[PDB]
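Below are the chains, spelled out letter by letter.
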Amino acid sequence: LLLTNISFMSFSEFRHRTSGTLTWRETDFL
Amino acid sequence: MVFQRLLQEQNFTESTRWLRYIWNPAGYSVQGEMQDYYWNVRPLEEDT
């Protein structure tokens, strides 16, 4: 998974992807 | 009133936006996540 793959999915998709490992601030930054 | 006036002047893409400000059947995206309601007015959600 790279930044090219991150910009395709929505923010809720991304937050469901990294819900446990990150804490939504670094998720928003990425 | 704004939506009704935009319908009478036929600015359709803005009239549907001003209707989205009160009713959206597709839910509402708040901070990236969806909501559990469809009416943007709380005295319309709970009948006051």
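Deposited coordinates in this entry are attributed by the record to cryo-EM, at a stated resolution of 3.7 Å.

As annotated in the PDB entry, chain B carries the name A component of insecticidal toxin complex (Tc) and comes from Xenorhabdus nematophila. The record deposited in the PDB is entitled "Xenorhabdus nematophila XptA1 in complex with porcine mucosa heparin".

Trainee: For this particular structure, what's the right way to read the overall build of chain A?
Mentor: Helix and strand content of chain A: three helices and zero strands. Counting from the amino terminus, chain A carries its helices and strands in the arrangement α-α-α. Seen through its principal axes, chain A has C-alpha atoms that stretch 20 × 15 × 15 Å. Accessible area for chain A stands at about 2600 Å²; split by element, carbon and sulfur atoms hold 59% of it.

Trainee: Mind showing me how you'd approach the overall build of chain B here?
Mentor: Looking only at helices and strands, chain B features three helices and two strands. When its helices and strands are written in sequence order, chain B yields α-α-β-β-α. Taken across its 48 residues, chain B has 10% of its residues classed as buried. A separation threshold of at least 6 residues defines the contact pool for chain B, and within that pool the share at least 24 residues apart is 0%. Accessible area for chain B stands at about 4200 Å²; split by element, carbon and sulfur atoms hold 55% of it. Treating the 4 positive side-chain charges of chain B as one cloud and the 7 negative ones as another, the clouds have centres 9 Å apart.

Trainee: Explanation requested: unusual backbone geometry in the structure shown.
Mentor: Of note, the phi angle at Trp24 of chain A is positive, near 70°, even though the residue is not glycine. Looking at the secondary structure, you find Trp24 of chain A in the loop between helix 2 (11-17) and helix 3 (25-29). Judged by relative accessible area, which is 37%, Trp24 of chain A ranks as partly exposed. Even without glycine at this site, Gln31 of chain B takes up a positive phi of about 55°. Of note, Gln31 of chain B is situated in the loop between strand 1 (29-30) and strand 2 (33-34).

Trainee: Explain the pattern of salt bridges here, please?
Mentor: As a working rule, side chains carrying opposite charge can pair if their charged atoms are close by. Residues and elements named next belong to chain B. Throughout the structure, instances matching the rule amount to three salt bridges over all chains. The shortest N-O distance in the salt bridge between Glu9 and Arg5 comes to 3.0 Å. What makes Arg5 partly exposed here is its relative accessible area of 45%. Between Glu14 and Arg17 there is a salt bridge, and its shortest N-O distance comes to 2.4 Å. In this pair, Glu14 and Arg17 both sit in helix 2 (residues 12-20), three residues apart, roughly one turn of the helix.

Cut-offs applied
- Residues numbered from 1 in each chain as written, not as in the entry; some residues may be left out.
- Chains lettered and ligands numbered in written order.
- Part of a larger assembly, values for the part shown.
- Heavy atoms only, no water.
- Helix = DSSP H or I, 4+ residues; strand = E, 2+ residues; numbered from the N terminus.
- Areas by Shrake-Rupley, 256 points an atom, 1.4 Å probe, with all protein chains shown as cover.
- Buried < 20%, exposed > 50% of the residue type's maximum accessible area, 1.4 Å probe, protein only.
- Contact = heavy atoms within 4.5 Å.
- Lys, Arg positive; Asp, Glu negative; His and termini not counted.
- Charge placed at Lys NZ, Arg CZ, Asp CG, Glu CD.
- Salt bridge = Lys/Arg side-chain N within 4 Å of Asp/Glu carboxyl O.

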